[PDB]
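Accompanying notes for the structure given below.
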Amino acid sequence: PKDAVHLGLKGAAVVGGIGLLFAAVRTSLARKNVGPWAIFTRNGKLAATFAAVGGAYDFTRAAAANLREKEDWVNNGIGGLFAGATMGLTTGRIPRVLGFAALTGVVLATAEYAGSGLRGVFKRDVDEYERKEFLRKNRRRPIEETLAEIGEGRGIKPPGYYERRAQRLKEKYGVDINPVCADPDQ
Amino acid sequence: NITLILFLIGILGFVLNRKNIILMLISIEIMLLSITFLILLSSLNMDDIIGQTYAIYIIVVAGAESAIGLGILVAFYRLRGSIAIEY
Amino acid sequence: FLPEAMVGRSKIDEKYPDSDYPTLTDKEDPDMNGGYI
Amino acid sequence: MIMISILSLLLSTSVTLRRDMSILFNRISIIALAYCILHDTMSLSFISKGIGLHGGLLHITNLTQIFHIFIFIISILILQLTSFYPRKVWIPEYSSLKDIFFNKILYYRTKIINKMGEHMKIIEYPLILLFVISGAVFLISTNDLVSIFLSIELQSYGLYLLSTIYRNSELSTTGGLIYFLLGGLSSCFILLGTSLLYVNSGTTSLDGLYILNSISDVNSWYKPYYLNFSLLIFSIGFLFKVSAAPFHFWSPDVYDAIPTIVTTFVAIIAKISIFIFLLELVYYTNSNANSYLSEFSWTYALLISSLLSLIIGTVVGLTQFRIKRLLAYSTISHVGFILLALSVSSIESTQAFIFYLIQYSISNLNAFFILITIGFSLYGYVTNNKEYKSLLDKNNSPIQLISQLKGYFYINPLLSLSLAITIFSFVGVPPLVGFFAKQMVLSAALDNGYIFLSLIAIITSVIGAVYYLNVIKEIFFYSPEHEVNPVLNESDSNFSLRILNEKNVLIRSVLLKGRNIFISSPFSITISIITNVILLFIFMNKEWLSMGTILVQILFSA
Amino acid sequence: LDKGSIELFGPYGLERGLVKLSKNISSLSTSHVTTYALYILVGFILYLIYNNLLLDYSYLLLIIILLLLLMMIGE
Amino acid sequence: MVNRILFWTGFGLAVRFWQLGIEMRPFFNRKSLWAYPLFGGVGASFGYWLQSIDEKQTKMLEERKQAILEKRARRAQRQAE
Amino acid sequence: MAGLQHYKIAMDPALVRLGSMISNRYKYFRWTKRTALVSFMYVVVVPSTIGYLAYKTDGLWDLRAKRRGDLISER
Amino acid sequence: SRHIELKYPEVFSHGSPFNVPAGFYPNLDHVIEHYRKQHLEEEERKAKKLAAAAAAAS
Amino acid sequence: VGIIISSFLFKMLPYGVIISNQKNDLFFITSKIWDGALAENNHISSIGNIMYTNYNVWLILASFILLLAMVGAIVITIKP
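Residue numbers (PDB author numbering), protein chains in the order written: chain J, 13 to 198; chain L, 2 to 88; chain a, 32 to 68; chain 2, 1 to 219, 233 to 571; chain 5, 596 to 670; chain b, 1 to 81; chain j, 1 to 75; chain n, 124 to 181; chain 6, 113 to 134, 164 to 221.
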């Protein structure tokens, strides 16, 4: 488990601190003399928005992790969904709410599924020649492995299909399988 | 420690200055002196004359680049007649 | 230190007017067909 | 050899004030660089990861020597812009070998060939050009922290001088000021990074730093956080000099303001030397064991910049209307691809890195060569467009707007197709060399698990293609705004040309017109070779790709 | 759909938005050498924060998405 | 269909063709006709040189592959203990 | 009007104006309650319905050489 | 490659020859021997490649 | 900027520069040597012993930088 509120506060602080950085640059690049207190007056909304997205994002993923009792890529996309939704709420436009939620949730999810190397990809630490050779020449596999992925029927009728076919129909419909002979002599 | 504070002063020259391009040239001189002072003190701690040699070539090169920068400013000012940014 | 006709957003605004993308309202364009009576 | 040429050229230049010597000095610089290629071709008969030279302050590798030659060849090609007049007079009565090699032709050339153009009157231009080359090749061969600093300033200070050498242009002095001021800040970060390495490690030797990195990559009292952090600060200064985002704002302004012929050299030579230098430093600092070192690896600054360059280069180029700013943003997107290949430190990505750098340098050279040639071709054309009249530095940058290329397919169809091929190579359309460059980078990034960056690389590529298509649309979809000059062909405005033999005796006398004034052969041939290399790469790829394969095998040779 | 949403949630919407996004970013390119110096310093500081503080990569991507969002908004 | 000399003889021929088209100069005027043998001759010379380079590259790459199986062998044999 | 001369037509202004409005209509689409619901009916629900039925019944039957006393149901 | 090979092994000969304290410089005989071996193998590896191939074989 | 930059670079300063800045205090101890003090060089002498011989590539590099500066600054300022 994890503390949803505590993680969100750290989430709100970290990306809100950069917003506070970007807010000071706007104040510094302000042309008219507005003094030093326009960090929170004219640009306080900017820093506030950053602290909101970062808080919403880290809260929900942690929350999604608690609800699902799992840690995978689904949670960052869900985290990005409300993170994206929060930014849209500032513009006050429903299509902005949905679209920026969709954008953020998708990029932040494919980032976790793929595991972008921005912090570094995972090193296999194995003979990487060997993995390629196995993948290269694994040209024939046991039929059971395929049957697990693709199943039975749909043109995939391994030897012994008809026997188990009757058994499945008997268990579900309670009808014995017995095609009639087409020859009068039989 | 003093060398670090001096690097901030050169850094802070770019933060506070919107319109003084001459101050931009001076803030580079402050940064370069701060880094050379750090090398000099470390060279004293590690008893290494190579640190002093490195600092001498930084003084030579930073003096050389100050002259290029002033020459470029002179060619700029010959046509504009001002070193002020309208802001 | 550079002229407006080389770096200004003003020339970009002339080259790409916001007007080139028509935005309207249900009031003047309810049928979303461009005001076609 | 480069140093003898610089000293010898300077002595010959020191005792002259004649601006008509400028074209001759440029040609001697071409000859001098040809000897430099010869001496470095001689030096490739050994296989080694590196041989430290001159007290260990420099080093030589097979990679280093290959890219010395490439830098020399690019510089010879660029030096043609100031070594041959842009236009010539051609006639069928002076086209045989007996004619070019035994007879002479005479006419009033001064106005026709622009004998007194600004780019033909700068005595010291080839000399400052060679100074930048010296900094670039010394940076490649640098083995020491102090050598790093001295070489990067040598190359950098020369580039500032070249941006300002047109001292009567208000644009050029403005661009020179901007590059020097922001470039000087960048050099502090390089000196700060180099100094922080020295104060912690106690050495200026790259060899010793690699040894310190290697032992510390195990799996207490002096944990070596300094190395990644210092190289991070050190790398940021080098990201500015390649105009990588978010450190790229200076280049669209500097590239547009300085003259186009100057932009050709300034925008090409500096990326080759920095990227090649970075390649070795990435290899030897790349941690193997997943320890606390790898999590703070300075190379994420390269991966972040590649991401930021892919987006900024393609998105911001969408609204550019000035052709030189577009090329600057087109370059930023391409260093995004280059930086991805440098960041993935695989055998595949290093081959992709080596190939991408060379083919982009050749391709970007073609675009500038085609752009200068179109500028020199409009001499016999006039226009009444009110926008073109209000342009500044028209002589230094004849083509400044994409709209100036409108209907260029009707002015010179085959030259317009060479531009289109080059631009289509930039997008990555097969079977052009640009496609094969992007393909190798993507396959190497995909094979190393860089899926997210590979997906952004493809998405930004479609956005980037929009402004590439926008240049092509102006050239082909519209009729031109330029009309041929009436007074050049008015049935009575004919100038005279004499054809004389070895003894200066008359042979013939022919009356000539503006339609006898053509593009000079050096520029058409260089465009023609490069355009055909871009187009026909699929039939000529074996040696070019095998060179990089062998180079990476030496670098990676366990 | 064809003359409608699939154009707005497609090529036409991308053209509208990206031209808007492209113009706002270029407006930050003022050619004011003092302003550019500030940008270099800020990019310098952001790179130091990300690597020194062991930031989650998701924080970085969210920041970039935000920077596009704000840039997507005029003024 | 990748012959180094035939391709590079043609490449030099194509360079002259594209060059004249770029200059908007006639493709075949009889007094200029020496240039196509010249361009194709220099093109053929570049491709005889590429022949020798390719030969040395093949030898060196072939040598590297042996060193790579050699390294894998003595590592695998060391693991037999 | 075009590159190759055609016959003289009575180009009706009203019909010309109608055919231009259609070609330009995509520029005026907007997100509203109506346009969001229709665009959600056609793009998501109806396709996902067919996908549900296609998924649910994939392999449910085989007709090949079926006889009396043998069903068509396959699963 | 994980093992770093010095491009400048001669750095083992660096050091001021002035004002040297007795017992200052560590013994480097094993270091010298390491590079004698590396030189001799390489010289022997060329000695056999040209003696066996391209000579007494063609 | 001041808090962010200082907090990062200060962590990078080696002990030599941070040991005596910002009860139990540490004193530095020094003693004589005789074999090392046979013929002392001043710092300028010690630099002179190596900067033309062992590290003369740096001197050459600096010389070409000085040559570039003189030629460059002159070329851009004075009427030819």
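Backbone N, C-alpha and C define an ideal beta-carbon position, used for all residues, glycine too.
Three-state class that DSSP yields for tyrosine 179 (chain 2) in the structure shown: What you label residue 179 (chain 2) is simply residue 179 of the fourth sequence in a count that begins at 1. Residue state for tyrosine 179 (chain 2) is assigned as helix, using DSSP reduced to three classes.
Just grab the DSSP bridge partners of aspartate 144 (chain 2) for me. Start at 1 with the first residue of the fourth sequence, and residue 144 (chain 2) comes out as number 144. Its beta-bridge partners are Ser205 (chain 2).
When you compare only the Cα positions, how much space is there between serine 48 (chain 2) and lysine 618 (chain 5)? Taking the fourth sequence and counting its residues from 1, the one referred to as residue 48 (chain 2) is at position 48. Taking the fifth sequence and counting its residues from 1, the one referred to as residue 618 (chain 5) is at position 23. For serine 48 (chain 2) and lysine 618 (chain 5), the gap between their C-alpha atoms comes out near 51 Å.
Say yes only if the C-beta of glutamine 333 (chain 2) is nearer than 7 Å to one or more non-hydrogen atoms of the ligand MN, and no if none qualify. As for the ligand MN, it is missing from this structure, which has no ligand bound.
May I ask you to verify whether the segment 234-247 of chain 2 touches the segment 120-131 of chain 6, counting CB pairs closer than 8 Å and requiring at least 3? Segments in contact, yes.
Chain 5 within 8 Å of residue 99 (chain L), Cβ atoms only: Absent from the model: residue 99 (chain L). The displayed extent of chain L is 2 to 88, so no value can be given.
Given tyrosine 69 (chain J) as reference, the closest of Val86 (chain J), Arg54 (chain J), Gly96 (chain J) and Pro48 (chain J) once Cα atoms are compared: Locating residue 69 (chain J) in the first sequence gives position 57, where the first residue counts as 1. When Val86 (chain J), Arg54 (chain J), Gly96 (chain J) and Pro48 (chain J) are compared, the shortest CA-CA separation from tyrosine 69 (chain J) is found for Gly96 (chain J).
Helix, strand or coil for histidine 137 (chain n), going by three-state DSSP, please let me know. What you label residue 137 (chain n) is simply residue 14 of the eighth sequence in a count that begins at 1. Secondary structure at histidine 137 (chain n): coil, using DSSP grouped into helix, strand and coil.
For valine 89 (chain 2), does the three-state DSSP call read helix, strand or coil? Working through the fourth sequence from its first residue, we reach residue 89 (chain 2) at position 89. Under the three-state reduction of DSSP, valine 89 (chain 2) is assigned to strand.
Straight-line Cα distance separating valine 137 (chain 2) from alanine 32 (chain 2): For the purposes of this step, residue 32 (chain 2) is identified with residue 32 of the fourth sequence, where counting begins at 1. For the purposes of this step, residue 137 (chain 2) is identified with residue 137 of the fourth sequence, where counting begins at 1. Looking at the backbone, the Cα of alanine 32 (chain 2) and that of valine 137 (chain 2) are separated by about 15 Å.
Beta-carbon neighbours of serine 410 (chain 2), restricted to chain L and to distances below 7 Å: Here residue 410 (chain 2) corresponds to residue number 397 of the fourth sequence, with the count starting at 1. In chain order: nothing, as chain L lies at least about 17 Å away.
In angstroms with no decimal places, state the Cα-to-Cα distance between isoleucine 60 (chain L) and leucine 19 (chain J). Within the second sequence, numbered from 1, the residue matching residue 60 (chain L) stands at position 59. Within the first sequence, numbered from 1, the residue matching residue 19 (chain J) stands at position 7. Approximately 50 Å between the Cα atoms of the pair.
How should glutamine 566 (chain 2) be labelled, buried or exposed, when 16 other C-beta atoms within 10 angstroms of its C-beta is the threshold for buried? Locating residue 566 (chain 2) in the fourth sequence gives position 553, counting from the first residue. Classification of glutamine 566 (chain 2): buried, given that the 10 Å Cβ count is 16 or more.
Cβ pair count under 8 Å reaching 3, the segment 22-36 of chain b against the segment 60-71 of chain b: Taking 8 Å as the limit for Cβ pairs, the verdict is that the segment 60-71 of chain b does not touch the segment 22-36 of chain b.
Flag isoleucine 86 (chain L) as yes if its beta-carbon sits less than 8 Å from any beta-carbon of chain 5, otherwise no. Along the second sequence, read from residue 1 onward, the residue named residue 86 (chain L) stands at position 85. Judged by the 8 Å Cβ criterion, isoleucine 86 (chain L) is in contact with chain 5.
Just to confirm, is the Cβ distance from residue 232 (chain 2) to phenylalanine 639 (chain 5) under 8 Å? Since the model of chain 2 passes from 219 to 233 in one step, residue 232 (chain 2) is not part of what is shown.
Nearest CA to the CA of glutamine 65 (chain 2): which residue from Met560 (chain 2), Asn103 (chain 2) and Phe569 (chain 2)? Position 65 of the fourth sequence holds residue 65 (chain 2). Closest in C-alpha terms to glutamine 65 (chain 2), from the list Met560 (chain 2), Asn103 (chain 2) and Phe569 (chain 2), comes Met560 (chain 2).
Anything in the segment 33-59 of chain L with a Cβ closer than 8 Å to a Cβ of chain 6? List those residues in chain order, please. Only those residues of the segment 33-59 of chain L whose C-beta falls short of 8 Å from the nearest C-beta of chain 6 are listed: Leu39, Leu42, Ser43, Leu45, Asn46, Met47, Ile50, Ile51, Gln53, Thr54, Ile57 and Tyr58.
Using only the alpha-carbon positions, how far apart do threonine 171 (chain 6) and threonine 203 (chain 2) sit? Your numbering for residue 171 (chain 6) matches position 30 in the ninth sequence. Your numbering for residue 203 (chain 2) matches position 203 in the fourth sequence. Roughly 25 Å separates the two Cα atoms.
Coil, strand or helix - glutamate 161 (chain J) by DSSP: Indexing the first sequence from 1 puts residue 161 (chain J) at position 149. Helix, per DSSP.
What is the DSSP secondary structure of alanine 85 (chain L), counted as helix, strand or coil? As a first step, residue 85 (chain L) is located in the second sequence; it is residue number 84 there, counting from the start. Strand at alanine 85 (chain L).
Given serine 456 (chain 2), which residues of its chain have a CB within under 8 Å of its CB, disregarding the five upstream and five downstream residues? Looking up residue 456 (chain 2) in the fourth sequence gives position 443. Take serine 456 (chain 2), set aside five residues on each side of it, and the residues of its chain with a beta-carbon closer than 8 Å to its own are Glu361 and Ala365, in chain order.
Taking one C-beta from the segment 160-173 of chain J and one from the segment 150-158 of chain n each time, how about it: are there three or more such pairs within less than 8 Å? Because the criterion of three Cβ pairs below 8 Å is not met, the segment 160-173 of chain J and the segment 150-158 of chain n do not touch.
Cβ of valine 614 (chain 5) within 8 Å of any chain L Cβ: In the fifth sequence, residue 614 (chain 5) corresponds to position 19, counting from 1. Chain L has no Cβ within less than 8 Å of the Cβ of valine 614 (chain 5).
Can you confirm whether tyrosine 42 (chain j), when its beta carbon is compared against all beta carbons of chain a, has any partner nearer than 8 Å? Against the seventh sequence, residue 42 (chain j) aligns to sequence position 42. Under the Cβ criterion of 8 Å, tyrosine 42 (chain j) is not counted among the residues facing chain a.
8 Å CB neighbourhood of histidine 39 (chain 2) in its chain, flanking five on each side removed: As a first step, residue 39 (chain 2) is located in the fourth sequence; it is residue number 39 there, counting from the start. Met1.
Minimum Cβ-Cβ distance from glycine 462 (chain 2) to chain J less than 8 Å: For the purposes of this step, residue 462 (chain 2) is taken as residue 449 along the fourth sequence, with counting starting at 1. With 8 Å as the cut-off, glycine 462 (chain 2) counts as an interface residue toward chain J.
Please state whether the Cβ-Cβ distance between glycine 447 (chain 2) and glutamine 333 (chain 2) is less than 8 Å. The count along the fourth sequence starts at 1 and reaches residue 447 (chain 2) at position 434. The count along the fourth sequence starts at 1 and reaches residue 333 (chain 2) at position 320. Contact: no.
What are the residues of the segment 243-266 of chain 2 that lie near chain 5, defined by any Cβ-Cβ distance shorter than 7 Å? Under the 7 Å Cβ criterion, the segment 243-266 of chain 2 contributes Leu245, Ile249, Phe253, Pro259, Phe260, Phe262, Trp263, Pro265 and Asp266.
Give every residue of the same chain whose Cβ lies closer than 6 Å to the Cβ of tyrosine 157 (chain 2), excluding the five residues on either side of it in the sequence, and list them in chain order. Counting from 1 along the fourth sequence, the entry for residue 157 (chain 2) is found at position 157. Closer than 6 Å at Cβ, skipping near neighbours: no residue.
Taking C-alpha atoms, which residue in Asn219 (chain 2), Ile385 (chain 2), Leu244 (chain 2) and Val218 (chain 2) lies nearest to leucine 209 (chain 2)? The residue you call residue 209 (chain 2) lines up with position 209 of the fourth sequence. Measuring C-alpha to C-alpha distances from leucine 209 (chain 2) to each of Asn219 (chain 2), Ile385 (chain 2), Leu244 (chain 2) and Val218 (chain 2) identifies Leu244 (chain 2) as the nearest.
C-alpha gap between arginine 17 (chain j) and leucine 432 (chain 2), whole angstroms: Your numbering for residue 17 (chain j) matches position 17 in the seventh sequence. Your numbering for residue 432 (chain 2) matches position 419 in the fourth sequence. Spanning the two alpha carbons is a distance of roughly 40 Å.
Could you check whether the Cβ of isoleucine 538 (chain 2) sits closer than 8 Å to any Cβ belonging to chain b? Residue mapping note: residue 538 (chain 2) aligns to position 525 of the fourth sequence, counting from 1. Residue contact check for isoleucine 538 (chain 2) against chain b: a CB pair falls below 8 Å.
If contact is defined by three or more beta carbon pairs under 8 Å, each pair taking one atom from either stretch, is the segment 332-352 of chain 2 in contact with the segment 517-528 of chain 2? No, the segment 517-528 of chain 2 does not touch the segment 332-352 of chain 2.
Short check: CB of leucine 414 (chain 2) to CB of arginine 335 (chain 2), under 8 Å? On the fourth sequence, residue 414 (chain 2) is found 401 positions in, with the first residue counted as 1. On the fourth sequence, residue 335 (chain 2) is found 322 positions in, with the first residue counted as 1. The Cβ atoms of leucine 414 (chain 2) and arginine 335 (chain 2) lie closer than 8 Å to each other.
Closest Cβ-Cβ distance between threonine 344 (chain 2) and chain a: below 8 Å? By 1-based counting over the fourth sequence, the position of residue 344 (chain 2) is 331. Under the Cβ criterion of 8 Å, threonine 344 (chain 2) is not counted among the residues facing chain a.
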